[PDB]
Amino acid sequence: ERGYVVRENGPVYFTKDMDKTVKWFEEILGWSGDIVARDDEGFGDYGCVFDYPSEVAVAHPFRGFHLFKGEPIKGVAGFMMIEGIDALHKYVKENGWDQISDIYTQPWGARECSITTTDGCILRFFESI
């Protein structure tokens, strides 16, 4: 570009119950969430979830999801590269969530598996072979 730079560009996520979403992220994937703004009636308007600990987030980068109020995405909402996919699948499974696909190898050189959230969107995870 010219005259400007991108500092952060984290993915967006939409929900009709921000607290439920945050809890799913924390209980099923082991992430940390935080509602940043609430409605006059106490409903979440804006927030976020990240895979690292709350601490690190309070002192800066951002690789989590921004949470906005609205109709949840229908289809793929995330495409994440990770380390420890096997561990991921076990963790999610141990936590009781069964809506996760088996792990499989992609033609482009990586093992993948995808998860459906409480809101119904698909999150795709992958690790290079």
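Throughout, we count residues from 1 along the sequence that is shown.
- Missing deposited residues between residue 60 and residue 61: 1 to 3, all without coordinates in the entry.
- For the pair 79-87 and 40-48, the mean Cα B-factor is higher in 40-48.
- Higher mean CA B-factor, judged across 50-58 and 100-108 from the recorded values: 50-58.
- Remark: residue 70 belongs to the middle third of its chain, ranked by C-alpha B-factor as recorded.
- Annotation for residue 2: CA B-factor lies in the highest third of the chain's modelled residues.
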